[PDB]
$ cat start12.cif   # mmCIF, C-alpha atoms and all ligand atoms
data_data
loop_
_atom_site.group_PDB
_atom_site.id
_atom_site.type_symbol
_atom_site.label_atom_id
_atom_site.label_comp_id
_atom_site.auth_asym_id
_atom_site.auth_seq_id
_atom_site.Cartn_x
_atom_site.Cartn_y
_atom_site.Cartn_z
ATOM 1 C CA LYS A 1 0.000 0.000 0.000
ATOM 2 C CA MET A 2 2.636 2.487 1.212
ATOM 3 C CA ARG A 3 4.609 1.145 -1.763
ATOM 4 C CA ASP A 4 1.970 2.581 -4.099
ATOM 5 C CA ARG A 5 1.163 5.553 -1.817
ATOM 6 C CA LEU A 6 4.673 6.929 -2.405
ATOM 7 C CA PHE A 7 4.313 6.830 -6.180
ATOM 8 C CA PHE A 8 1.169 9.029 -6.105
ATOM 9 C CA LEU A 9 3.149 11.670 -4.166
ATOM 10 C CA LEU A 10 6.287 11.281 -6.328
ATOM 11 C CA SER A 11 5.336 13.034 -9.569
ATOM 12 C CA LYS A 12 2.477 14.710 -7.733
ATOM 13 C CA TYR A 13 5.072 17.245 -6.505
ATOM 14 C CA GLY A 14 8.230 16.501 -8.515
ATOM 15 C CA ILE A 15 11.684 16.144 -6.954
ATOM 16 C CA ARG A 16 14.530 14.333 -8.682
ATOM 17 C CA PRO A 17 15.763 12.224 -5.689
ATOM 18 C CA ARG A 18 19.416 13.332 -5.418
ATOM 19 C CA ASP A 19 22.077 11.192 -3.736
ATOM 20 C CA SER A 20 23.622 14.635 -3.040
ATOM 21 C CA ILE A 21 21.581 14.644 0.195
ATOM 22 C CA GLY A 22 21.243 10.830 0.318
ATOM 23 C CA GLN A 23 17.658 10.808 -0.988
ATOM 24 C CA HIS A 24 16.644 7.212 -0.905
ATOM 25 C CA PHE A 25 13.106 6.701 0.461
ATOM 26 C CA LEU A 26 11.796 3.847 2.611
ATOM 27 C CA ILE A 27 8.696 1.841 1.490
ATOM 28 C CA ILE A 28 8.415 -1.208 3.790
ATOM 29 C CA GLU A 29 5.915 -1.147 6.685
ATOM 30 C CA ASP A 30 7.480 -4.063 8.610
ATOM 31 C CA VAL A 31 10.543 -1.797 8.942
ATOM 32 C CA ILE A 32 8.662 1.173 10.388
ATOM 33 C CA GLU A 33 6.761 -1.256 12.657
ATOM 34 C CA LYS A 34 10.115 -2.483 14.072
ATOM 35 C CA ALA A 35 11.655 0.923 14.847
ATOM 36 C CA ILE A 36 8.515 2.382 16.439
ATOM 37 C CA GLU A 37 8.317 -0.827 18.470
ATOM 38 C CA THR A 38 12.019 -0.829 19.362
ATOM 39 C CA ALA A 39 11.679 2.762 20.624
ATOM 40 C CA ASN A 40 8.409 1.875 22.371
ATOM 41 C CA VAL A 41 7.009 5.352 21.693
ATOM 42 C CA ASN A 42 4.342 6.416 24.203
ATOM 43 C CA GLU A 43 2.591 9.763 24.627
ATOM 44 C CA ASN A 44 5.085 11.305 27.080
ATOM 45 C CA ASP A 45 7.813 11.193 24.443
ATOM 46 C CA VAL A 46 9.483 14.272 23.037
ATOM 47 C CA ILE A 47 10.942 12.717 19.850
ATOM 48 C CA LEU A 48 13.620 13.827 17.387
ATOM 49 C CA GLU A 49 13.394 12.784 13.732
ATOM 50 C CA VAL A 50 15.890 13.966 11.088
ATOM 51 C CA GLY A 51 15.379 14.029 7.315
ATOM 52 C CA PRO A 52 11.648 13.067 7.492
ATOM 53 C CA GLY A 53 11.137 13.094 3.730
ATOM 54 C CA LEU A 54 7.464 12.565 2.853
ATOM 55 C CA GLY A 55 7.039 11.265 6.364
ATOM 56 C CA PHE A 56 5.588 7.764 6.807
ATOM 57 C CA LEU A 57 7.763 7.212 9.870
ATOM 58 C CA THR A 58 7.036 10.839 10.694
ATOM 59 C CA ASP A 59 3.362 9.757 10.472
ATOM 60 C CA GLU A 60 3.573 6.989 13.069
ATOM 61 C CA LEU A 61 5.416 9.373 15.421
ATOM 62 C CA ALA A 62 2.405 11.722 15.371
ATOM 63 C CA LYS A 63 -0.101 9.009 16.333
ATOM 64 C CA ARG A 64 1.988 8.119 19.408
ATOM 65 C CA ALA A 65 4.615 10.628 20.558
ATOM 66 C CA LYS A 66 3.739 13.619 22.734
ATOM 67 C CA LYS A 67 5.685 16.135 20.606
ATOM 68 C CA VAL A 68 7.641 15.404 17.421
ATOM 69 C CA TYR A 69 10.320 17.835 16.299
ATOM 70 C CA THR A 70 11.663 17.031 12.827
ATOM 71 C CA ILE A 71 14.435 18.604 10.731
ATOM 72 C CA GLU A 72 14.501 18.663 6.908
ATOM 73 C CA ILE A 73 16.746 20.539 4.438
ATOM 74 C CA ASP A 74 15.078 20.236 0.981
ATOM 75 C CA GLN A 75 12.742 23.196 1.470
ATOM 76 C CA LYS A 76 10.500 21.489 -1.119
ATOM 77 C CA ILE A 77 10.119 18.372 1.029
ATOM 78 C CA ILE A 78 9.428 20.498 4.135
ATOM 79 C CA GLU A 79 6.253 21.753 2.409
ATOM 80 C CA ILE A 80 5.107 18.495 0.748
ATOM 81 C CA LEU A 81 4.498 17.291 4.325
ATOM 82 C CA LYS A 82 2.138 20.111 5.262
ATOM 83 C CA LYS A 83 -0.295 19.524 2.371
ATOM 84 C CA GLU A 84 -0.126 15.727 2.172
ATOM 85 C CA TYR A 85 -0.251 15.452 5.982
ATOM 86 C CA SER A 86 -2.248 17.292 8.614
ATOM 87 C CA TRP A 87 -0.469 16.680 11.924
ATOM 88 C CA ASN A 88 -1.479 18.066 15.331
ATOM 89 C CA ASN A 89 1.720 17.067 17.197
ATOM 90 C CA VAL A 90 4.455 17.735 14.611
ATOM 91 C CA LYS A 91 7.053 20.541 14.424
ATOM 92 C CA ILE A 92 9.134 20.888 11.243
ATOM 93 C CA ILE A 93 12.329 23.005 11.004
ATOM 94 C CA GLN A 94 14.500 24.317 8.142
ATOM 95 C CA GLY A 95 18.233 23.501 8.025
ATOM 96 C CA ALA A 96 20.651 20.558 8.248
ATOM 97 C CA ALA A 97 20.294 18.838 11.649
ATOM 98 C CA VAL A 98 24.091 19.115 11.681
ATOM 99 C CA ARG A 99 24.237 22.731 12.860
ATOM 100 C CA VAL A 100 20.649 23.665 13.744
ATOM 101 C CA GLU A 101 20.109 24.159 17.473
ATOM 102 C CA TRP A 102 18.174 21.204 18.844
ATOM 103 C CA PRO A 103 14.937 21.207 20.893
ATOM 104 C CA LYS A 104 14.287 19.084 23.967
ATOM 105 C CA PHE A 105 13.892 15.343 23.395
ATOM 106 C CA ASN A 106 14.001 12.143 25.429
ATOM 107 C CA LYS A 107 13.916 9.686 22.504
ATOM 108 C CA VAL A 108 15.173 9.757 18.894
ATOM 109 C CA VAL A 109 13.781 7.911 15.875
ATOM 110 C CA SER A 110 15.136 8.692 12.388
ATOM 111 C CA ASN A 111 16.853 7.376 9.261
ATOM 112 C CA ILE A 112 20.141 9.255 9.426
ATOM 113 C CA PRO A 113 21.692 9.882 5.956
ATOM 114 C CA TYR A 114 25.160 8.815 4.899
ATOM 115 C CA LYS A 115 26.877 12.204 4.827
ATOM 116 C CA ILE A 116 25.767 13.151 8.372
ATOM 117 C CA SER A 117 25.889 9.732 10.073
ATOM 118 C CA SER A 118 29.149 10.581 11.849
ATOM 119 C CA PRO A 119 28.887 14.215 13.133
ATOM 120 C CA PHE A 120 25.216 13.632 14.081
ATOM 121 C CA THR A 121 25.708 10.583 16.282
ATOM 122 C CA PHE A 122 28.544 12.452 18.018
ATOM 123 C CA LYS A 123 26.462 15.524 18.840
ATOM 124 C CA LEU A 124 23.775 13.044 19.945
ATOM 125 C CA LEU A 125 26.027 11.406 22.567
ATOM 126 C CA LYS A 126 26.612 14.703 24.397
ATOM 127 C CA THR A 127 22.836 14.843 24.898
ATOM 128 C CA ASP A 128 20.312 13.481 27.304
ATOM 129 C CA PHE A 129 18.074 10.901 25.789
ATOM 130 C CA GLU A 130 16.284 7.913 27.284
ATOM 131 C CA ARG A 131 16.701 6.068 24.015
ATOM 132 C CA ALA A 132 17.674 6.201 20.350
ATOM 133 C CA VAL A 133 16.507 4.057 17.448
ATOM 134 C CA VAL A 134 18.416 5.158 14.337
ATOM 135 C CA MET A 135 18.814 3.813 10.773
ATOM 136 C CA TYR A 136 22.225 3.691 9.125
ATOM 137 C CA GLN A 137 24.196 2.753 6.071
ATOM 138 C CA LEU A 138 25.328 -0.743 7.211
ATOM 139 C CA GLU A 139 29.082 0.100 6.922
ATOM 140 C CA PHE A 140 28.615 2.785 9.602
ATOM 141 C CA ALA A 141 26.277 0.888 11.959
ATOM 142 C CA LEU A 142 28.653 -2.097 12.032
ATOM 143 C CA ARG A 143 31.217 0.559 12.946
ATOM 144 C CA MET A 144 29.067 1.640 15.896
ATOM 145 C CA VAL A 145 28.675 -1.848 17.329
ATOM 146 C CA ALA A 146 32.240 -3.026 16.579
ATOM 147 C CA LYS A 147 33.939 -4.918 19.380
ATOM 148 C CA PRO A 148 37.276 -3.573 20.757
ATOM 149 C CA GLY A 149 40.234 -4.728 18.671
ATOM 150 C CA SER A 150 38.021 -5.482 15.651
ATOM 151 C CA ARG A 151 38.733 -4.405 12.071
ATOM 152 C CA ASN A 152 36.750 -1.196 12.241
ATOM 153 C CA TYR A 153 36.630 -0.214 15.947
ATOM 154 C CA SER A 154 36.549 3.572 15.794
ATOM 155 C CA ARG A 155 36.520 6.630 18.050
ATOM 156 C CA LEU A 156 32.809 6.560 17.380
ATOM 157 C CA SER A 157 32.548 2.931 18.580
ATOM 158 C CA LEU A 158 34.320 3.808 21.835
ATOM 159 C CA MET A 159 32.343 7.016 22.386
ATOM 160 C CA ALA A 160 28.990 5.308 21.730
ATOM 161 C CA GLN A 161 29.570 2.264 23.927
ATOM 162 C CA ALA A 162 31.046 4.558 26.627
ATOM 163 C CA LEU A 163 27.679 6.270 26.901
ATOM 164 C CA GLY A 164 25.332 3.393 26.206
ATOM 165 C CA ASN A 165 24.431 0.041 24.754
ATOM 166 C CA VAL A 166 24.442 -0.302 20.989
ATOM 167 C CA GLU A 167 22.464 -3.179 19.472
ATOM 168 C CA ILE A 168 21.756 -3.795 15.782
ATOM 169 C CA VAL A 169 18.092 -4.901 15.631
ATOM 170 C CA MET A 170 17.454 -5.590 11.919
ATOM 171 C CA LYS A 171 19.486 -5.251 8.760
ATOM 172 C CA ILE A 172 17.342 -3.758 6.009
ATOM 173 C CA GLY A 173 17.507 -4.618 2.297
ATOM 174 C CA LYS A 174 17.890 -1.666 -0.105
ATOM 175 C CA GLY A 175 14.780 -3.186 -1.703
ATOM 176 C CA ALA A 176 12.934 -0.939 0.762
ATOM 177 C CA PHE A 177 13.801 2.354 -0.998
ATOM 178 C CA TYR A 178 13.152 4.317 -4.145
ATOM 179 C CA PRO A 179 15.690 5.094 -5.274
ATOM 180 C CA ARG A 180 17.313 1.807 -4.259
ATOM 181 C CA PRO A 181 20.467 2.779 -2.249
ATOM 182 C CA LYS A 182 23.950 1.499 -3.125
ATOM 183 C CA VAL A 183 24.410 -0.301 0.231
ATOM 184 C CA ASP A 184 22.025 -1.821 2.823
ATOM 185 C CA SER A 185 20.389 -0.175 5.858
ATOM 186 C CA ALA A 186 20.639 -1.332 9.476
ATOM 187 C CA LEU A 187 18.817 -0.381 12.673
ATOM 188 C CA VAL A 188 20.766 0.604 15.799
ATOM 189 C CA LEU A 189 19.417 0.903 19.324
ATOM 190 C CA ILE A 190 21.106 3.117 21.917
ATOM 191 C CA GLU A 191 20.246 2.634 25.584
ATOM 192 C CA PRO A 192 22.600 4.883 27.643
ATOM 193 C CA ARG A 193 24.507 3.098 30.425
ATOM 194 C CA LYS A 194 22.806 3.652 33.789
ATOM 195 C CA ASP A 195 26.215 5.005 34.813
ATOM 196 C CA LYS A 196 28.120 6.479 31.855
ATOM 197 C CA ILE A 197 31.869 6.398 31.364
ATOM 198 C CA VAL A 198 32.918 9.998 30.964
ATOM 199 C CA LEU A 199 36.038 10.096 28.809
ATOM 200 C CA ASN A 200 38.192 13.156 28.155
ATOM 201 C CA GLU A 201 37.250 14.064 24.572
ATOM 202 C CA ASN A 202 40.655 15.506 23.639
ATOM 203 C CA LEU A 203 42.515 12.463 25.004
ATOM 204 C CA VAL A 204 40.222 10.046 23.177
ATOM 205 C CA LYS A 205 40.926 12.043 19.998
ATOM 206 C CA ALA A 206 44.706 12.205 20.565
ATOM 207 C CA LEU A 207 44.946 8.418 20.766
ATOM 208 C CA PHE A 208 42.684 7.678 17.781
ATOM 209 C CA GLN A 209 44.728 9.864 15.401
ATOM 210 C CA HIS A 210 46.435 6.610 14.368
ATOM 211 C CA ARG A 211 44.268 3.980 16.037
ATOM 212 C CA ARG A 212 46.498 1.021 15.109
ATOM 213 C CA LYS A 213 49.293 2.457 17.312
ATOM 214 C CA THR A 214 50.308 0.930 20.647
ATOM 215 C CA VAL A 215 49.032 3.084 23.507
ATOM 216 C CA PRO A 216 52.655 3.955 24.520
ATOM 217 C CA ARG A 217 53.381 5.221 21.009
ATOM 218 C CA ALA A 218 50.021 6.887 20.403
ATOM 219 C CA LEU A 219 50.757 8.859 23.592
ATOM 220 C CA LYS A 220 54.455 9.429 22.797
ATOM 221 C CA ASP A 221 53.192 10.932 19.495
ATOM 222 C CA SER A 222 50.216 12.962 20.897
ATOM 223 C CA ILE A 223 52.131 13.907 24.025
ATOM 224 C CA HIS A 224 51.852 17.551 23.277
ATOM 225 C CA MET A 225 54.651 18.020 25.824
ATOM 226 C CA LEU A 226 52.302 20.243 27.830
ATOM 227 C CA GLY A 227 55.058 21.875 29.917
ATOM 228 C CA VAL A 228 56.643 18.467 30.658
ATOM 229 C CA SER A 229 60.211 17.122 30.280
ATOM 230 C CA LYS A 230 61.677 13.971 28.734
ATOM 231 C CA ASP A 231 62.924 11.595 31.481
ATOM 232 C CA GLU A 232 59.541 11.849 33.242
ATOM 233 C CA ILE A 233 57.475 11.274 30.088
ATOM 234 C CA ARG A 234 59.536 8.300 28.899
ATOM 235 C CA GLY A 235 58.962 7.027 32.421
ATOM 236 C CA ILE A 236 55.263 7.933 32.565
ATOM 237 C CA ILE A 237 55.070 6.256 29.150
ATOM 238 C CA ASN A 238 56.198 2.899 30.606
ATOM 239 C CA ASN A 239 53.622 2.615 33.353
ATOM 240 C CA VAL A 240 50.618 3.904 31.379
ATOM 241 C CA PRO A 241 47.923 1.209 31.760
ATOM 242 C CA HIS A 242 47.545 -1.118 28.765
ATOM 243 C CA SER A 243 50.982 -0.229 27.412
ATOM 244 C CA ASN A 244 50.666 -3.543 25.572
ATOM 245 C CA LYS A 245 47.566 -2.740 23.590
ATOM 246 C CA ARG A 246 47.018 -0.991 20.314
ATOM 247 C CA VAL A 247 44.623 1.941 20.712
ATOM 248 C CA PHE A 248 41.862 0.192 18.746
ATOM 249 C CA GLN A 249 41.909 -2.712 21.244
ATOM 250 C CA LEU A 250 41.071 -0.449 24.187
ATOM 251 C CA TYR A 251 37.769 -0.834 26.006
ATOM 252 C CA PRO A 252 36.200 2.401 27.412
ATOM 253 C CA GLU A 253 36.802 1.048 30.896
ATOM 254 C CA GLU A 254 40.548 1.097 29.991
ATOM 255 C CA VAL A 255 40.598 4.550 28.357
ATOM 256 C CA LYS A 256 39.481 5.689 31.812
ATOM 257 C CA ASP A 257 42.398 3.901 33.614
ATOM 258 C CA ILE A 258 44.746 5.759 31.295
ATOM 259 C CA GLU A 259 42.767 8.929 31.823
ATOM 260 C CA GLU A 260 43.125 8.979 35.612
ATOM 261 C CA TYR A 261 46.633 7.478 35.395
ATOM 262 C CA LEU A 262 47.567 10.511 33.274
ATOM 263 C CA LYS A 263 45.502 12.823 35.501
ATOM 264 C CA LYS A 264 47.204 11.512 38.648
ATOM 265 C CA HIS A 265 50.600 12.252 37.023
ATOM 266 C CA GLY A 266 49.872 15.928 36.267
ATOM 267 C CA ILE A 267 49.178 15.607 32.534
ATOM 268 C CA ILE A 268 45.691 16.733 31.592
ATOM 269 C CA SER A 269 43.866 18.333 34.536
HETATM 270 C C1 LIG B 301 15.066 9.739 5.093
HETATM 271 S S1 LIG B 301 15.036 9.974 3.314
HETATM 272 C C2 LIG B 301 16.301 11.254 3.103
HETATM 273 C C3 LIG B 301 15.842 12.606 3.594
HETATM 274 O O1 LIG B 301 16.872 13.200 4.420
HETATM 275 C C4 LIG B 301 16.916 14.574 4.134
HETATM 276 N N1 LIG B 301 18.207 15.118 4.526
HETATM 277 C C5 LIG B 301 19.414 14.914 3.905
HETATM 278 N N2 LIG B 301 20.404 15.562 4.468
HETATM 279 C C6 LIG B 301 19.811 16.242 5.525
HETATM 280 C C7 LIG B 301 20.333 17.106 6.510
HETATM 281 N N3 LIG B 301 21.622 17.440 6.595
HETATM 282 N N4 LIG B 301 19.460 17.612 7.419
HETATM 283 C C8 LIG B 301 18.166 17.274 7.325
HETATM 284 N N5 LIG B 301 17.569 16.470 6.448
HETATM 285 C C9 LIG B 301 18.453 15.980 5.564
HETATM 286 C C10 LIG B 301 16.651 14.660 2.639
HETATM 287 O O2 LIG B 301 16.283 15.971 2.269
HETATM 288 C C11 LIG B 301 15.531 13.624 2.491
HETATM 289 O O3 LIG B 301 14.248 14.208 2.687
HETATM 290 ZN ZN ZN B 302 48.520 5.210 11.447
#
$ encode --input "start12.cif" --output "structure tokens"
Amino acid sequence: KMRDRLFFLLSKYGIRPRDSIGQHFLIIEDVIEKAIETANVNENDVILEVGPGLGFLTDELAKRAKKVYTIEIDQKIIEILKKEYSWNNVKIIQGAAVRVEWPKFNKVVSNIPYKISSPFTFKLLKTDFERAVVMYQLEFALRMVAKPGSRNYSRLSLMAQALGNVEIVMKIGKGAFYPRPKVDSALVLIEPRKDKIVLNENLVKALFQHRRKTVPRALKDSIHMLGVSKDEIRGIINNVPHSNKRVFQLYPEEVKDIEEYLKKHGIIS
């Protein structure tokens, strides 16, 4: 139904779906019914969607969530909503959710596009939220859930898992979109740890400059010698926790040991 309900809004309004802003458009109901479920959206929820499009997942959010803020950037799309859909608890904004200043929200539900997967998720970790269901280009979402020491374990992996609990729920065939995307979708859940692990951002970044470096060397190299001499550092080097491991093998737990180790030696705060 939705399959055919797209096509009567397609050339009803007339956008060429550009992959300049990752315009692929979802058309499977058993994929909206799994996110909305996963999020468990009740009527006390201040939601955040991003890149609503022509809003079928936006739709479901209305008929549950308390307040839905949504952010779209194709000023054409922004309007197509208002005519095609009369919503009583919706709130659309102009801009790229990248930079625009965000409302209040406890949950998030959105298909995040390829170009803004990375900076988005980051901003999103510095926020309160009870919960986050988010759709991703598979390559990225695997990246989120990577285990320590795995092929692709990234700063993002650390940072995400440090805050919360990152489960892939369903992979999603590109057969769900017109246009068909180049790669598959996947669905990530984020439940923030009851007690977070609060890493120094700068440190985390210093280490992950070259993430396949041994901790001793990734520190040697991003020791900005912040007012510190040589015989002390190349001592302090030796005893840094996990001076075996390559940076990309570190668990968040262990980034913290290093953190306080360094802290308790005079080196960042
Ligand atoms: C979910 S289908 C893709 C949708 O995401 C929107 N989109 C792409 N990039 C951004 C962005 N930076 N901010 C907000 N919406 C975006 C596109 O305009 C399209 O409607
Ligand atoms: Zn390197």
$ atom_distance --input "start12.cif" --atom1 "atom CA of residue A:131" --atom2 "atom CA of residue A:178"
28.4 Å
$ closest_atom_pairs --input "start12.cif" --of "stretch 39-141 of chain A" --to "stretch 161-170 of chain A" --cutoff "12 Å" --atoms "only C-alpha atoms" --output "JSON lines"
{"residue": "A:39", "atom": "CA", "partner": "A:169", "partner_atom": "CA", "distance": 11.2}
{"residue": "A:121", "atom": "CA", "partner": "A:163", "partner_atom": "CA", "distance": 11.6}
{"residue": "A:122", "atom": "CA", "partner": "A:163", "partner_atom": "CA", "distance": 10.9}
{"residue": "A:124", "atom": "CA", "partner": "A:163", "partner_atom": "CA", "distance": 10.5}
{"residue": "A:125", "atom": "CA", "partner": "A:163", "partner_atom": "CA", "distance": 6.9}
{"residue": "A:126", "atom": "CA", "partner": "A:163", "partner_atom": "CA", "distance": 8.9}
{"residue": "A:127", "atom": "CA", "partner": "A:163", "partner_atom": "CA", "distance": 10.0}
{"residue": "A:128", "atom": "CA", "partner": "A:163", "partner_atom": "CA", "distance": 10.3}
{"residue": "A:129", "atom": "CA", "partner": "A:164", "partner_atom": "CA", "distance": 10.5}
{"residue": "A:130", "atom": "CA", "partner": "A:164", "partner_atom": "CA", "distance": 10.2}
{"residue": "A:131", "atom": "CA", "partner": "A:164", "partner_atom": "CA", "distance": 9.3}
{"residue": "A:132", "atom": "CA", "partner": "A:166", "partner_atom": "CA", "distance": 9.4}
{"residue": "A:133", "atom": "CA", "partner": "A:169", "partner_atom": "CA", "distance": 9.3}
{"residue": "A:134", "atom": "CA", "partner": "A:168", "partner_atom": "CA", "distance": 9.7}
{"residue": "A:135", "atom": "CA", "partner": "A:170", "partner_atom": "CA", "distance": 9.6}
{"residue": "A:136", "atom": "CA", "partner": "A:168", "partner_atom": "CA", "distance": 10.0}
{"residue": "A:137", "atom": "CA", "partner": "A:168", "partner_atom": "CA", "distance": 12.0}
{"residue": "A:138", "atom": "CA", "partner": "A:168", "partner_atom": "CA", "distance": 9.8}
{"residue": "A:140", "atom": "CA", "partner": "A:168", "partner_atom": "CA", "distance": 11.3}
{"residue": "A:141", "atom": "CA", "partner": "A:168", "partner_atom": "CA", "distance": 7.5}
$ resolve_selection --input "start12.cif" --expression "the PyMOL selection byres (((chain A and resi 202-210) around 8) and not hetatm)" --output "JSON, numbers by chain"
{"A": [154, 155, 199, 200, 201, 211, 212, 213, 215, 218, 219, 222, 247, 248, 255, 259]}
$ closest_residue --input "start12.cif" --among "A:120, A:56, A:153, A:114" --to "residue A:85" --atoms "only C-alpha atoms"
A:56
$ resolve_selection --input "start12.cif" --expression "the PyMOL selection byres (((not hetatm)) within 6 of (chain B and resi 301))" --output "list in words"
residues 21, 22, 23, 24, 25, 50, 51, 52, 53, 71, 72, 73, 74, 96, 97, 98, 111 and 113 of chain A
$ atom_distance --input "start12.cif" --atom1 "atom CA of residue A:240" --atom2 "atom CA of residue A:156"
22.8 Å
$ atom_distance --input "start12.cif" --atom1 "atom CA of residue A:94" --atom2 "atom CA of residue A:107"
20.5 Å
$ closest_residue --input "start12.cif" --among "A:228, A:15, A:57, A:197" --to "residue A:34" --atoms "only C-alpha atoms"
A:57
$ resolve_selection --input "start12.cif" --expression "the PyMOL selection byres (((chain A and resi 31) around 12) and not hetatm)" --output "ChimeraX atom specification"
/A:2,26-30,32-38,56-57,60,110-111,133-135,169-177,185-187
$ closest_residue --input "start12.cif" --among "A:265, A:217, A:182, A:18" --to "ligand ZN 302 (chain B)" --atoms "all atoms listed in the file"
A:217
$ closest_residue --input "start12.cif" --among "A:115, A:123, A:76, A:224" --to "residue A:99" --atoms "all atoms listed in the file"
A:123
$ closest_residue --input "start12.cif" --among "A:260, A:116, A:214, A:249" --to "ligand ZN 302 (chain B)" --atoms "all atoms listed in the file"
A:214
$ residues_near_point --input "start12.cif" --point "(2.6, 7.5, 16.9)" --cutoff "12 Å" --atoms "all atoms listed in the file" --output "ChimeraX atom specification"
/A:32-33,35-37,39-47,56-68,87-90,109
$ write_last_selection --input "start12.cif" --atoms "C-alpha atoms" --output "PDB file, in the frame of the given file"
ATOM      1  CA  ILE A  32       8.662   1.173  10.388  1.00  0.00           C
ATOM      2  CA  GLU A  33       6.761  -1.256  12.657  1.00  0.00           C
ATOM      3  CA  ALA A  35      11.655   0.923  14.847  1.00  0.00           C
ATOM      4  CA  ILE A  36       8.515   2.382  16.439  1.00  0.00           C
ATOM      5  CA  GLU A  37       8.317  -0.827  18.470  1.00  0.00           C
ATOM      6  CA  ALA A  39      11.679   2.762  20.624  1.00  0.00           C
ATOM      7  CA  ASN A  40       8.409   1.875  22.371  1.00  0.00           C
ATOM      8  CA  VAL A  41       7.009   5.352  21.693  1.00  0.00           C
ATOM      9  CA  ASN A  42       4.342   6.416  24.203  1.00  0.00           C
ATOM     10  CA  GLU A  43       2.591   9.763  24.627  1.00  0.00           C
ATOM     11  CA  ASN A  44       5.085  11.305  27.080  1.00  0.00           C
ATOM     12  CA  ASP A  45       7.813  11.193  24.443  1.00  0.00           C
ATOM     13  CA  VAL A  46       9.483  14.272  23.037  1.00  0.00           C
ATOM     14  CA  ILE A  47      10.942  12.717  19.850  1.00  0.00           C
ATOM     15  CA  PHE A  56       5.588   7.764   6.807  1.00  0.00           C
ATOM     16  CA  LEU A  57       7.763   7.212   9.870  1.00  0.00           C
ATOM     17  CA  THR A  58       7.036  10.839  10.694  1.00  0.00           C
ATOM     18  CA  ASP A  59       3.362   9.757  10.472  1.00  0.00           C
ATOM     19  CA  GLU A  60       3.573   6.989  13.069  1.00  0.00           C
ATOM     20  CA  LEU A  61       5.416   9.373  15.421  1.00  0.00           C
ATOM     21  CA  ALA A  62       2.405  11.722  15.371  1.00  0.00           C
ATOM     22  CA  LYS A  63      -0.101   9.009  16.333  1.00  0.00           C
ATOM     23  CA  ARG A  64       1.988   8.119  19.408  1.00  0.00           C
ATOM     24  CA  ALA A  65       4.615  10.628  20.558  1.00  0.00           C
ATOM     25  CA  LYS A  66       3.739  13.619  22.734  1.00  0.00           C
ATOM     26  CA  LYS A  67       5.685  16.135  20.606  1.00  0.00           C
ATOM     27  CA  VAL A  68       7.641  15.404  17.421  1.00  0.00           C
ATOM     28  CA  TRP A  87      -0.469  16.680  11.924  1.00  0.00           C
ATOM     29  CA  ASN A  88      -1.479  18.066  15.331  1.00  0.00           C
ATOM     30  CA  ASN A  89       1.720  17.067  17.197  1.00  0.00           C
ATOM     31  CA  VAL A  90       4.455  17.735  14.611  1.00  0.00           C
ATOM     32  CA  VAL A 109      13.781   7.911  15.875  1.00  0.00           C
TER      33      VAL A 109
END
$ closest_residue --input "start12.cif" --among "A:221, A:227, A:237, A:80" --to "ligand ZN 302 (chain B)" --atoms "only C-alpha atoms and all ligand atoms"
A:221
$ residues_near_point --input "start12.cif" --point "(4.2, 15.6, 1.6)" --cutoff "10 Å" --atoms "only C-alpha atoms" --output "list in words"
residues 6, 9, 10, 12, 13, 52, 53, 54, 55, 56, 76, 77, 78, 79, 80, 81, 82, 83, 84, 85 and 86 of chain A
